[PDB]
Undergrad: 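Questions regarding the structure given below will be posed in turn.
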Amino acid sequence: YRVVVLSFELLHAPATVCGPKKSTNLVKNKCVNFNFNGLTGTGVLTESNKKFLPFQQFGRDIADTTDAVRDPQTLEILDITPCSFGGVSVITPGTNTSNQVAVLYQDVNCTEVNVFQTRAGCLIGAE
Amino acid sequence: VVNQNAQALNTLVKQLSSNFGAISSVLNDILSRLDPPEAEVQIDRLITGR
Amino acid sequence: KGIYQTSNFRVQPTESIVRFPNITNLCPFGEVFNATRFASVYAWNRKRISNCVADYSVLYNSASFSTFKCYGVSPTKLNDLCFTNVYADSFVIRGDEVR
Amino acid sequence: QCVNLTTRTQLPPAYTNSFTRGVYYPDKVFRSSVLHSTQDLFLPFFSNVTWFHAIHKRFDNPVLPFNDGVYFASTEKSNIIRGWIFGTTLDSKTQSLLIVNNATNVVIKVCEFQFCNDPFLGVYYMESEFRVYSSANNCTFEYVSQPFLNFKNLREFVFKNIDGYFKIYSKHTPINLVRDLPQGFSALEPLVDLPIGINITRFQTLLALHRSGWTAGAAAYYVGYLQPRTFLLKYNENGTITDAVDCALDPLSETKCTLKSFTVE
Ligand SMILES: *[C@@H]1O[C@H](CO)[C@@H](O[C@@H]2O[C@H](CO)[C@@H](O)[C@H](O)[C@H]2NC(C)=O)[C@H](O)[C@H]1NC(C)=O
């Protein structure tokens, strides 16, 4: 009988030998959770125009928030945009006058929710 | 006026990466590396600071 | 009559993404398990494994191994625990003495 | 094989000015049109760097400390400088690092070498002489890589050793100045990181002799040491570091560092 025994030593030296990493597929233009080499977040990934230096991996803005990333599989730059959020307000006359209302979604495009696009947001229920 | 408002807002945004005596300033890392009984204490420290 | 801020709108994530670099320079297990000859019991052969990535799933799923046993680690969790180095000690014994 | 050379002309080493040399990228983050403040191990501005010669007869290869990191500059032509020896005892007692650049490839090896008292190489007028170590028993790490490499070339290196990681940053510059370090600004891009995990407190340099006794080619190198301090770095629109301010040099620099600007009203 042929016998092989494997022993694992984990010491104060940096870890060197261990298992592979399983990657998924890359999807753009949608609000997803993401993990790039241990950098985790939530947002929408889009095509970018920034050009990193060949040793650089991440991109930060003035307030030190990550806004660009490089795909480790294919060395391409992707921009990271927060998923939409805002306030929801109800425009009404008095209940003494009517029960009709209109709704304003603040800082949200009308395609992601009588639909009228203002700079204040998207207005539904008004002519 | 403009500069004072921008500076205050930047200070508020920057205060969000301090750990205030916890183990980490990232909620997701603490949640994924520790269990709720003690992640609760760490999260409470983060909440009081913020 | 007026306008009142009643609620908060928030878009929720759809999927989950994990990205990592290409798997290269795999550990050469075939140099040990498929060796043309082996060593004696008293003079067992030792080999060091480091500076590579090792995939135990292909080693585990093989049906050619009569005994695959250990106690302190569950074999399905050997693809993530990450160690300093690996020792491989090989020999040939009697069928009864495997225990 | 160990050979002792006894045709040296005794002379103390020189000293010279650093100017604004020795700035490297402190991480892998892209930044565009930003003034960023970083605290790290840097070479202070206008510091006194030691100058070693190799002229004919001078053959400078002493044992130097490593401290918390080393800045190494070489003003070079005709390729005399070759590599470095790192370790604590530089013998077989403990583990030592060897970086060599022979005529073919760059070899990094972490072994228990037995180093000669005067290790060197030799070039025949072709390389056929290599007397550095007598034995090397336990090798934990090996790495073959691509070649790194009036005076015409300036080679700048930064070596650090933190949490078992040996970091090497490098930069190459075409100059036309003869004796001293040129004055200017250039950032050193990261070159390699090795998870060797060994202690280093002393290091040697490796030169190549010329046989046509023996002759040492006209070469010169400079050594400086790193210290912990705060710098203000300027990233332009392509993400390159183009200027820095040492926040502890003089009062004007401290004012600039507090105001986060290169211009002060
Ligand atoms: C030892 O060699 C055998 C035969 O070459 C390997 O078994 C083969 O594995 C491949 C995997 O790609 C299969 O497609 C074949 O069907 C297998 N053949 C047989 C006869 O088993 C085995 O994987 C090798 N072991 C190691 C550790 O390298």
Side-chain angles (χ1 to χ4, degrees), chain A residues 1-26 35-38 71-75, chain C residues 16-99, chain D residues 105 107-111 136-146 194-197:
Chain A
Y1 265 59
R2 277 171 181 204
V3 178
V4 178
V5 65
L6 268 67
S7 183
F8 313 123
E9 292 183 336
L10 192 148
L11 185 63
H12 72 292
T16 302
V17 65
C18 58
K21 291 289 158 198
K22 300 294 183 181
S23 298
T24 64
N25 197 350
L26 180 76
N35 192 325
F36 283 86
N37 286 349
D71 176 71
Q73 293 271 322
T74 58
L75 312 168
Chain C
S16 166
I17 296 308
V18 183
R19 300 289 276 170
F20 278 117
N22 289 354
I23 309 293
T24 61
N25 63 334
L26 277 296
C27 292
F29 283 162
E31 183 178 1
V32 181
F33 287 80
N34 268 317
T36 184
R37 68 180 65 252
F38 271 67
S40 60
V41 187
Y42 72 92
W44 38 277
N45 210 357
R46 172 156 274 192
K47 182 63 65 68
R48 289 195 293 114
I49 301 299
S50 63
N51 288 338
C52 54
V53 60
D55 45 350
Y56 305 165
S57 284
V58 298
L59 188 65
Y60 180 86
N61 291 286
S62 182
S64 315
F65 308 137
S66 314
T67 303
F68 196 113
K69 188 65 174 176
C70 62
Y71 303 97
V73 293
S74 174
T76 180
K77 265 82 73 173
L78 270 295
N79 278 294
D80 57 358
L81 297 168
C82 188
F83 301 94
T84 306
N85 54 7
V86 176
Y87 280 141
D89 301 336
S90 59
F91 46 86
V92 176
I93 51 161
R94 185 193 163 164
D96 203 21
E97 312 185 305
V98 176
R99 179 209 47 251
Chain D
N105 50 309
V107 183
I108 295 92
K109 296 196 317 186
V110 177
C111 309
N137 305 138
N138 307 331
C139 293
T140 290
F141 187 89
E142 206 286 337
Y143 191 77
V144 166
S145 190
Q146 298 267 18
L194 309 174
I196 62 170

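Note that ligands are numbered from 1 as they come in the structure, with each ligand's atoms numbered from 1 the same way. Below, chains carry the letters A, B, ... as their sequence lines are ordered, and counting in each starts from 1.
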Undergrad: If we count only non-hydrogen protein atoms and require a distance under 4.0 Å, does atom 17 (C) of ligand 1 qualify as touching the protein?
TA: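 No, there is none.
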Undergrad: Would you say atom 22 (C) of ligand 1 makes contact with the protein, given that contact here means a non-hydrogen protein atom less than 4.0 Å away?
TA: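 Given the 4.0 Å cut-off, atom 22 (C) of ligand 1 counts as touching protein heavy atoms.
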Undergrad: Look at atom 2 (O) of ligand 1 and say whether a protein heavy atom is found at less than 4.0 angstrom from it.
TA: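 Protein heavy atoms within 4.0 Å of atom 2 (O) of ligand 1 - there is at least one.
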Undergrad: Looking at atom 26 (C) of ligand 1, would you say a protein heavy atom lies below 4.0 Å from it?
TA: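 It does: a protein heavy atom is found less than 4.0 Å away from atom 26 (C) of ligand 1.
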Undergrad: Where do C:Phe29 and C:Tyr56 land on the ring-ring contact (aromatic ring centres under 6.0 Å, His included) test, with the steps shown first?
TA: CA-CA 10 Å; C:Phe29 283 162; C:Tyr56 305 165; 5.8 Å; yes
Undergrad: Can a side-chain donor-acceptor contact be found between C:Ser57 and C:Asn79 if the only test is distance below 3.5 angstrom?
TA: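 C:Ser57 and C:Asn79 do have a side-chain donor-acceptor pair below 3.5 Å.
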Undergrad: Any side-chain heavy atom of D:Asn105 within less than 4.5 Å of one from D:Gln146?
TA: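 No, their side chains stay 4.5 Å or more apart.
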Undergrad: Going by the atom numbers of ligand 1, which of them fall below 4.0 Å from some non-hydrogen atom of C:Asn34?
TA: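 That gives atoms 1 (C), 2 (O), 3 (C), 22 (C), 24 (C), 25 (N), 26 (C), 28 (O) of ligand 1.
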Undergrad: Think C:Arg94 forms a cation-pi with A:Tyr1, using NZ or CZ under 6.0 Å from the six-ring centre and within 45 degrees of its axis?
TA: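 Ring-cation test returns no.
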Undergrad: Any heavy-atom pair between the side chains of A:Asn37 and C:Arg19 that's under 4.5 Å?
TA: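 Result no, sub-4.5 Å side-chain heavy-atom pair not found.
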Undergrad: Looking only at protein heavy atoms, which one is nearest to atom 28 (O) of ligand 1, and what is the separation?
TA: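 Of the protein heavy atoms, C:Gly30 CA, 3.2 Å lies nearest.
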Undergrad: Please could you name the atoms of ligand 1 that C:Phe33 approaches to less than 4.0 Å, counting only its heavy atoms?
TA: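 Those of ligand 1 that fall under 4.0 Å from C:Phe33 are 27 (C).
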Undergrad: Please report the closest heavy-atom contact between A:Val17 and C:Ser50, naming both atoms and the distance.
TA: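 Scanning both residues completely, I find the closest heavy atoms to be CB-CA, 4.4 Å.
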